[PDB]
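# Analysis of the macromolecular model
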Amino acid sequence: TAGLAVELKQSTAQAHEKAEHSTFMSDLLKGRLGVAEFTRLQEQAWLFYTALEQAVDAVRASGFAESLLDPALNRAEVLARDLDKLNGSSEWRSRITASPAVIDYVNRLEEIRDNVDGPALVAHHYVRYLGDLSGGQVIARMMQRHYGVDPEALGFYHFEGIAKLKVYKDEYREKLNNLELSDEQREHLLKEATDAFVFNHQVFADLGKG
Ligand code: HEM
Ligand SMILES: OC[C@H]1O[C@@](CO)(O[C@H]2O[C@H](CO)[C@@H](O)[C@H](O)[C@H]2O)[C@@H](O)[C@@H]1O
């Protein structure tokens, strides 16, 4: 009854807590791991952002949720520049491979792309980008504080082109609230958002294993 933004936040609250408290991310943010582990995270993130942004491009071109799907949010290119700095060269592009979690995640994003599934893509968009614009700011700060990571290797978290972020988020939620969705599309979107958080928790679990 309070609009889609609120329903998404409430709907995914428990899944958010599970991802945030994963052993890998918990250890990362409290200073127990290192830049190597952060780097492995960001390499997996490059694979799934690449897939997410192909799906965004498809859905944006279809005409669905256009104002929400702001190209300033695109991360794949800044992320690759971060990885170039973290790894010291371009070597990582041909070394990295998708964890099992990331294979499932990418596969689903590729399904959304080729189906041009607007509702599903909005879900995935919200789970990643609003998180980047939220908890990601804390992540960036702790990578600097605990591990001495150069801010220039955290371009992913900076969102060049965006100034006031709370305002940006507020407007993001207004756009969510204003999307024209049938009951079936809204239900599909909410279920997808839970799956997005599920994939993201498993990315952390698989990083935790090796
Ligand atoms: C893959 C992991 C994560 C995902 C997908 C994610 C996603 C999200 C999303 C979608 C929101 C916006 C909720 C809304 O307003 O509707 C959010 C907010 C937030 N996240 Fe996360 N998050 C993740 C990890 C974390 C981490 C590890 C922390 C640790 C501090 C964290 C802290 C927060 C906080 C405090 C907010 C509220 C807004 C803010 O403080 O800026 N998140 N997150
Ligand atoms: O606020 C982020 C996100 O966390 C959740 C649980 O996923 O709420 C918890 O954290 C809040 C502070 O950030 C507390 O206020 C709240 O009471 C606690 O459950 C989500 O509800 C929220 O979207």
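Rules behind the numbers
Residues numbered from 1 in each chain as written, not as in the entry; some residues may be left out. Chains lettered and ligands numbered in written order. Heavy atoms only, no water. Near = heavy atom within 4 Å. Polar contact = N/O pair within 3.5 Å; in protein donor to acceptor, adjacent residues only side chain to side chain. Helix = DSSP H or I, 4+ residues; strand = E, 2+ residues; numbered from the N terminus. Nonpolar A, V, L, I, M, F, W, Y, C, P; charged D, E, K, R; others polar. Buried < 20%, exposed > 50% of the residue type's maximum accessible area, 1.4 Å probe, protein only. Contact = heavy atoms within 4.5 Å. Areas by Shrake-Rupley, 256 points an atom, 1.4 Å probe, with all protein chains shown as cover. UniProt positions renumbered as here; feature names shortened; annotations may be inferred.

For this deposited structure, the header cites X-ray crystallography as the method used and 1.85 Å as the resolution.

Below, the discussion takes up the site of ligand 1. Among the 17 residues in the neighbourhood of ligand 1, the closest are listed as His16, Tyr126, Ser134, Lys169 and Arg173. Within the side chain of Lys169, one N or O atom sits 3.2 Å away from an oxygen atom of ligand 1. Contacts to ligand 1 include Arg173, whose side-chain N or O atom sits 2.8 Å from an oxygen atom. At five residues, helix α8 (residues 118-132) tops the list of elements feeding residues into the shell around ligand 1. Tallied by class, the residues present in the shell around ligand 1 amount to seven nonpolar, five polar and five charged.

Right, let's get into the side chain of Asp132. Residue position: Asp132 is located in helix α8. The buried category is assigned to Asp132, whose relative accessible area is 3%. Among the polar contacts made by the side chain of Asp132, one reaches the side chain of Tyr49 at a distance of 2.4 Å. Those residues in contact with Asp132, other than ones at most four positions away along the chain, are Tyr49, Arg75, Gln137, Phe156 and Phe159.

So, on to the site of ligand 2. Neighbouring ligand 2 are the residues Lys9, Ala13, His16 and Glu17. Take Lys9: an N or O atom from its side chain is 3.2 Å from an oxygen atom of ligand 2. In this structure, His16 approaches ligand 2 through a side-chain N or O atom, which is 3.3 Å from an oxygen atom. Burial of ligand 2 by the protein amounts to 34% of the accessible area it has alone, namely 460 Å². It is helix α2 (residues 13-20) that provides the largest number of residues to the shell around ligand 2, a total of three residues. For the shell around ligand 2, the class distribution of residues is one nonpolar, one polar and two charged.

So, about the UniProt feature "binding site: heme b" in the protein. In the numbering adopted here, UniProt assigns the feature "binding site: heme b" to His16. Turning to its location among the elements, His16 is positioned in helix α2. By relative accessible area, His16 is classed as partly exposed at 39%.

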